[PDB]
Amino acid sequence: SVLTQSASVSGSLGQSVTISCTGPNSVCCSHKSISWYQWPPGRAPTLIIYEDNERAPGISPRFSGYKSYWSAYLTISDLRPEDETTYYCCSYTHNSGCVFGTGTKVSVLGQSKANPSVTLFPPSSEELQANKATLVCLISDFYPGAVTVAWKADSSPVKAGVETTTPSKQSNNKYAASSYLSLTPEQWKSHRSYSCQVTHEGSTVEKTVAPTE
Amino acid sequence: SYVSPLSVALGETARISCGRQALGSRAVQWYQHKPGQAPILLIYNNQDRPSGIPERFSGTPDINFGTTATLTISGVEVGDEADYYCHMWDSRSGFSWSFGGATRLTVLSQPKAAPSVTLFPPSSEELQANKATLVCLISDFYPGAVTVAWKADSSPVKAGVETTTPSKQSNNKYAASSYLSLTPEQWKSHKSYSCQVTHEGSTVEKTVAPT
Amino acid sequence: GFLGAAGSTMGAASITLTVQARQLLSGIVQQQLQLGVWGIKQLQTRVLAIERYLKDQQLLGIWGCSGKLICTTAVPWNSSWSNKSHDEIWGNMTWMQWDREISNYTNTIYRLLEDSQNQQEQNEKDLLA
Amino acid sequence: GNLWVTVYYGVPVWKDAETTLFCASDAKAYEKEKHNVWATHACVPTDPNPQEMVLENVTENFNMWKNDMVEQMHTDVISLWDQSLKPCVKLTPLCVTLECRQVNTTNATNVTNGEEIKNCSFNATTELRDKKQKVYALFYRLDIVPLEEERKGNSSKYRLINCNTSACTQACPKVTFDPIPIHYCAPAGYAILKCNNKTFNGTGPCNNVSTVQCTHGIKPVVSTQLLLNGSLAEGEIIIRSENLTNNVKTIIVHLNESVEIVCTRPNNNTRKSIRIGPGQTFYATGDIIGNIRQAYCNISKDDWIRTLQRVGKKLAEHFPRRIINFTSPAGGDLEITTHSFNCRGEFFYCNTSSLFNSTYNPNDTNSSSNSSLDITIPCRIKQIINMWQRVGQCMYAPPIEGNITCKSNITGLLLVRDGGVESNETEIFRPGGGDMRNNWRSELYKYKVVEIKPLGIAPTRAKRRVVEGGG
Amino acid sequence: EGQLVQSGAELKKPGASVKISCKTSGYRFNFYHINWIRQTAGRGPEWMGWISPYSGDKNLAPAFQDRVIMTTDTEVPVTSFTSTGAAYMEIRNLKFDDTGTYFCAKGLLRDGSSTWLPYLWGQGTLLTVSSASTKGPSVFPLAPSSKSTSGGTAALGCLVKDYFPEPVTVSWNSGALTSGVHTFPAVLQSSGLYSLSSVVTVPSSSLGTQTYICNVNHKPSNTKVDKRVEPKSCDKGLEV
Amino acid sequence: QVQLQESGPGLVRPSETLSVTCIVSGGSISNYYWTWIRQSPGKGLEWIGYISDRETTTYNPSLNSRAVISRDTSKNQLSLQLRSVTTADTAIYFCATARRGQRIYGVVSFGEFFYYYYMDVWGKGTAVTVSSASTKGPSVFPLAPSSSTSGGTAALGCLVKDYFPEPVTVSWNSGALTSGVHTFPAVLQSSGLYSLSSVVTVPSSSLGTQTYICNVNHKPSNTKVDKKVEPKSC
């Protein structure tokens, strides 16, 4: 993507934030138009700005565009919890297609942090007939979106068959993630307790279920 | 009611009309009937004629409705003199039972024939049976217009005369016989008996006498 | 062509407006017959069409838009009528669906059209000139 | 961003309205035979070309069954009928008792019918009022009802069919009934929209749409069961119904290739003019010259059976029912159960039983060439008719001299469902044309009336020089 | 306010071709372009092309100009200003870098300076290019667990383990229960297979009058698993 | 191919059953139609009726009340009977072979076609009289030669006097003599009896003892009288 944006930018809750999007003069905004889209990961994008300044139908006046001869800027006034997502720009003419940008991750600071909701699920009796034994540690409704997961077997760290997912944003503007521990019935039946430890920036929580139990 | 006449010259063409002309599509028949013989159909379907009928006869078809069915005979012969019947069948009138009214054809321009007369006296056996009859036979004359008179020496008999109306024979000529009834005394008495046959202006007379 | 821009956007349709105004009445002067009551419907149509002309000419008469097809007004746009932008009207909607979207009002837009200006203009023309 | 309303006069905006159109038939000349009912003094010559303007990016709703052009063409047909019947001689004095006799026919001996021609004598008025005159005339049996006896084929007493319901008026000898191409044109302030979809159903949105000043050449042909001398459906054979599931209303069939029907009256008739008043010369049927045949119509059995096959398949499309049984109408009214029409003056009533006598299976279950055995149709004739609905008063069709022969191309059907049976057990179809308007719908489906509204109030970023602005 | 529904997710071997669909509704299909834009994990969004259903215009990016063919069918009208259409994008000789999400979008304007601009995007079509064959998922019950003793809320779900490729659609009671449902993203196991879980938080009193059937759909392997969640829990915090 | 031969009584009393027979030779009766036609003096010929090969009778309207026509299966002959006859039924009776005829002028399915008949082959016809008069055998008196014209030929005759009714069949030596024969038409004398004469013109040289014998046959009276002719004597 020759059309480069700012990698990340942040603004306070109730404040505003500016997103830059520029590139070489063969692609930049001297004889081109700029459109802004909100493209959350795993969803379909939504047009918020089209043709430099005018906004898409039904868009609130909080979003605004300002196009210079060398760059384009997107101002998002009155930041909301739903504004914390990725945004993209497109430089286009009347005939040539969209030239997408690198992407900008917008963070909304000054918000209140959330408590992690963790629940550890043991392998069902039907999975032990497969035969596998995968522990399913589920985390949800935590803020911000960064965790550090660790497994334990009989109060000892486990590092085999750990598979953790990156944080994803829930519809409640909170983040969720999941971790899985794949095991064989021997290692399962060879310890007295399995523990999932979710470590955050303000509180570290642990939930334990025994294998024999 | 009765038969309608017609006259056509010898060797010419004869166009014989058909009474009660058709009212629609028709399939007529033309029959030839000579007195005393079997009828023969000249035509059985306007145009068609069976094998054995000469080509001189022809009937008008009904290709266009409105034509009167005429029987055309090219080159009239003496043998064509007969009665002609027109059997009419059409799509308007129903079952046509009765034949058409006869059309008597007469051939004109025929050569005249002098009458051949043969007079025979009463035979010996007839005289022996107490009866007598002079038989004057006229044959091979044309036309069929003769008058028979009888004479005793030179006096007319005028009584007991029976005469046949003439009739055409196989020679296409006419023939007629005349009988004179007499008792044997009347035949034996007079000198000679004579038969006079007046044909046209001529009169042929033959005389016989007892032996 | 006549009605050729009925399915086109309002930007491409507002170009040729003389075409719909020509065949709205144009009974040619010929310069090159009728009888019976059966031939009276024709007459009644003609008159009717003429009225259809001289009614719109009357509206444009009381709106100050007599001689011209396009005309600007002193009546301001009302937000409750439509929430569309310039590119959301003249490059997205035909005159048909647009007239259907405004069809709830128009009568109010007509009362303001003959009242907000020509009722106030003609008052401020005797008091001015 | 400051918007102001602006008026645009001449915006392509229309709305569905029903206004009275007018007639326009192309220039056709004739100096001796004038006074065409559907042409002369009923229409006008049009331009050499009615232009068709294709309307792009337009999809327009059409409805042939709620159309107003049909309801106008119906009343225009009736009104032209009554206008044709106004100045002609009427047959009020023809209500004298009739002494009818049978007509000469040769013995007969399959089974068929026979329109017994009746040779009727009657006392009739002459040019003088006090004096009369007994005259004879040939009348078809269907135009006369008896009073007593009948029974023998001898005399009895008869009465003309109309002489009680309504007095009758003979048709003028100058006027002609031949259907001429009629174009319907819209007045000023309105327009006609034409749907150009080849496989278009009855109603609904139409994609390829144009506008026209006048419709194409539509010949007002009146018929029953079989619609003829019409247009042909391009591509597929079209089925058009207001409502298929509704058992009562008809179904129109538009064909993809027309079929030949040749109708002849083989009676080289004659015309006998008898006076029944001052200047009134009633024309009666003279004696039939030639054979006594009945009128008929030949239809190619191959083309007709193929057409009924394809129509049977198109009916199997809209009906996932069972075997498509085709029959003749139920019975009763003669003008309903017969293919009735006109063939230059004479009004024919055909019995189409040999045509509708087929049945085709969805499984097919279980040929070759058969020369061209034209299915023959025994067609009777009426001289005193009261069709066109009771509004159109009767008229004595004057006898036509000579034999009659007219060709025609049937381009569709007029079928009717039966119902009453178990659904999808067996579907039955019967021909018929109980309504007069359905003959025009089959040619007025591709047209619609619209009313132009040239006022367009639209906001723009521009205001007029308000009052104070000159210098 | 239209509707652009794309075809389901597809798995294809490298070198083969695939044809993605895009059936529309609720708008005049000939009034706006159809845009094709793909998004891969490494390169982000990438506009591929657009096609005009009315005029047949086509504009392809130079990268996809050699191996993408876009077509459109004629619109089937429903009303006077609404119709239904379908677009198709056929891509040939697939490689692993072509794996990703594919979107078709509906144009913003009919006339102007940004007519073709993608405005009404579809739900997306997941295209996976791999040599490994398809593998169906194994669903195992996630027994209820205590979430609130005073509030009486439990969390029960279903585990979708070992499937390939992505994704898998989960519903409850055949879509008749979407409230309070949370589906977690899929993990990438060591063997290369995917695995996710779907949980729901419901009041613990609703056990005899509410049905709990997780409907799992893995259309790539053509397999569906409807599982009745076992309502027997061993958590003592919930039983209080 | 087909030949017919009529045979009848010749005289039937009034108010009786006139029976005439028609003999066939060429073909079977079940192959053709058969008509009967009578021809009376002073009138034309009258078609009285026909019979089909299917034994279906059809009669003339005037004679339908008194005419019966039948056919015989074993012997190739058809019979005609007429009950309650009068002096008006005296006529020459002919039987004829009738072929059918289909005249089509329109559509066959409608009908529009009528059948007609034509009789191509006829018979000689047998003359039948009806009256209260009785039979009468003909008297035969030979007419001796005149011995007539100039040198070369002469005429001899045979007189058939007073008989009833017609006709009388005359031959000479049972058909041995044929050339020069002439049978004149009979006359109806006022007594109610017919009388004919036959003549032959033979050369006067052939009169030694060639002996021309005249054979008279009258079937109604069952008399078959021959007679010899001798020249003059006395």
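As written, the chain order gives the labels A, B, C, D, E and F, with residue 1 at the start of each chain.
In this text, a contact is a pair of C-beta atoms (placed from the backbone, for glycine too) under 8 Å apart; a residue touches a chain by one contact, two chains touch by 3 or more.
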Query raised in the report: In terms of CA centroid distance, which chain is the most far removed from subunit E?
Result: B
Report summary line: Whole-Å distance, C-alpha centre of subunit C to that of subunit E, is 50
Report summary line: Distance between the CA centroids of subunit B and subunit D (whole Å) is 72
Query raised in the report: Quick one: subunit C and subunit F, Cα centre-to-centre, how many Å?
Result: 114
Requested in this report: Please work out the Cα centroid separation of subunit E and subunit F, and write it as a whole number of Å.
Outcome: 118
Query raised in the report: Residues of subunit C touching 2+ other chains?
Result: 87, 90, 96
Query raised in the report: Residue numbers in subunit B touching 2 or more other chains?
Result: 24-25, 91
Query raised in the report: Can you list the residues of subunit F that touch 2 or more other chains?
Result: 105, 112, 114
Query - Touch relationships between chains, expressed as pairs - result: A-C, A-E, B-D, B-F, C-D, C-E, D-E, D-F
Query raised in the report: Contact residues on subunit F for subunit B in the complex?
Result: 37, 39, 44-47, 60-61, 92, 94, 99, 101, 103, 105, 112, 114, 116, 118-120, 122-125, 139, 141-144, 146, 148, 155, 157, 159, 161, 182, 184-187, 189-190, 195-197, 199, 232-234
Query raised in the report: Hey, which residues of subunit A end up touching subunit C in the complex?
Result: 51, 54, 57
Report task. Would you pull the subunit E residues touching subunit D in the complex into a rising list? Result -> 28, 30-31, 54, 75, 77-81, 83
Query - Of subunit B, residues touching subunit F in the complex - result: 3, 24-27, 29, 33, 36-41, 44-45, 50, 85, 87, 89, 91, 96-99, 101-102, 118, 120, 122-126, 129, 131, 133, 135, 137, 139, 162-164, 167, 169, 175-177, 179, 181, 208, 211
Query - For the subunit D and subunit B complex, residues of the former touching the latter - result: 104-107, 268, 289-292
